[PDB]
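The chain below stands alone and is given as structure tokens, in the form deposited in one PDB entry.
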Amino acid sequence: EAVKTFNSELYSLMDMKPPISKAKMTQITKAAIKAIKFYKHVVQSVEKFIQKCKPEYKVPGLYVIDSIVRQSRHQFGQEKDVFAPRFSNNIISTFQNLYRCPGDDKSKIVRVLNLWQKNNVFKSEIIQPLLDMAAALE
């Protein structure tokens, strides 16, 4: 039920016109966090969404990752957060999918990466190749 609830909330984005409502992003994040026991399933669902969705939903998909990781780090502690480490496994592939967004959305992705870097959400060994991937598209 926890994962089913999260999946329903996440996939409801495809019925919406971005930018996505703060309240909707909060509901998605809250569902993810309540389902922390099943964090692996939550990560897998978000990655699947990003792989399969229309280009208009790539930035929203990244905002889901960002919102989950930020809330988890706040709520459980940066060292105890299980979400950023799990997202890190497939992150290179995830961003390859994300960069299939419309051209003027690339900057929105880089902004998120810039903020992750400033706040040490991932180490440079993760952040730098993601940044390099943005630079290579141009």
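Position 1 is the first residue in the sequence shown; the rest follow in order.
The same protein also exists as the form solved in complex with a partner chain; that form is not shown, yet it is the one meant from here on.
Participant: Taking the partner as it appears in the deposited complex, which of 81 to 89, 96 to 104, 43 to 51, 60 to 68 has residues with heavy atoms within 4.5 Å of the partner chain?
Facilitator: The contacting stretch is 60 to 68.
Participant: Taking the shortest heavy atom distance, is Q128 within 4.5 Å of the partner chain in the deposited complex?
Facilitator: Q128: no contact with the partner chain in the deposited complex.
Participant: In the deposited complex, does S124 have a heavy atom within 4.5 Å of the partner chain?
Facilitator: It does not: once the partner chain is placed as it appears in the deposited complex, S124 has no heavy atom within 4.5 Å of it.
Participant: Is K37 close enough to touch the partner chain in the deposited complex, meaning at least one heavy atom pair within 4.5 Å?
Facilitator: No, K37 is distant from the partner.
Participant: Taking 4.5 angstroms as the cut-off for heavy atoms, does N114 touch the partner chain in the deposited complex?
Facilitator: Output for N114 is no: heavy atoms all beyond 4.5 Å of the partner chain.
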